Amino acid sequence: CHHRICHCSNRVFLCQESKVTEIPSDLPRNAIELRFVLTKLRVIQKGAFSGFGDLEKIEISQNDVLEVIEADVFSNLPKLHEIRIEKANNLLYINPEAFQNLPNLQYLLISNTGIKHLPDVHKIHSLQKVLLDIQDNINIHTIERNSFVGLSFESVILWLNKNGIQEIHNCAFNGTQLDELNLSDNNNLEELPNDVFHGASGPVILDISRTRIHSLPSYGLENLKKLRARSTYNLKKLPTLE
């Protein structure tokens, strides 16, 4: 199956090497997967994925000139499980209202991007455990009061791995049930506010490998079962309530 610029394969759509600056409006409303690869898209407009009650995954990968994600791009998507934004060299701006109520969001991947701020997830309210995997975004330097609140109603894994995080603010993980936290390879990060885990279910697994962190907060680590630093810890320390 075909359209000029996109292939309507079997409920799995691929816009590759595109003749687009905008996501087409005439995409079949019953798609399970949309892939945008090697595209010439500059913006992903508002309500881009509006009207897809069957959409399960959105892959946005290797888009050279993708620069902006408007408001309400990911909304009214009851079946959406996975968002993958990979390799957008010039994506410097995601609108603070891009993501909205995805009861089914299991996975959210943002990697090798130019964004300078962590996504605003406080409206997602996903009903399942979410894996938030934001990596290789060299321009993200800060996590702020209430960054992952409202993401999900449960256990959440945050891979804030390999960016340019240098400062985390108190209550960064407030209102969140921290299943796992990876802050590895953010090698300019050297301190954790003594109130980072304030109002949180505290990390069960905590990854501070390759940072300059040399101490942890006194409270919040009551459920720490594993600490990845230079080596891994568990029954190598009974004070894994530091």
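Sequential numbering from 1, following the sequence displayed.
Test of understanding: from the entry's C-alpha B-factors, which stretch has the higher mean, 194-202 or 22-30? Mean CA B-factor is higher for 22-30.
So 13-21 or 223-231, which one's hotter by mean CA B-factor in the entry? The stretch with the larger average C-alpha B-factor is 13-21.
Would you mind checking which of 142, 139, 76, 135 has the top Cα temperature factor in the PDB entry? In the PDB entry, the greatest C-alpha B-factor among 142, 139, 76, 135 is found at 76.
Per the entry's values, where does residue 188 land by CA temperature factor relative to the rest of its chain, in the lowest, middle or highest third? Middle third.
Ranked by Cα temperature factor within the chain, is residue 179 in the lowest third, the middle third or the highest third? Middle third of the chain for residue 179's C-alpha B-factor.
Position of residue 63 among the chain's modelled residues by C-alpha B-factor, lowest, middle or highest third: For residue 63, the deposited C-alpha B-factor lands in the lowest third.
Would you mind checking where the Cα B-factor of residue 82 ranks among the modelled residues of its chain, as the lowest, middle or highest third? Residue 82: CA B-factor falls in the middle third of its chain.
Using only modelled residues of the chain, where does the Cα B factor of residue 36 rank: lowest third, middle third or highest third? As the PDB entry reports it, the C-alpha B-factor of residue 36 lands in the lowest third of its chain.
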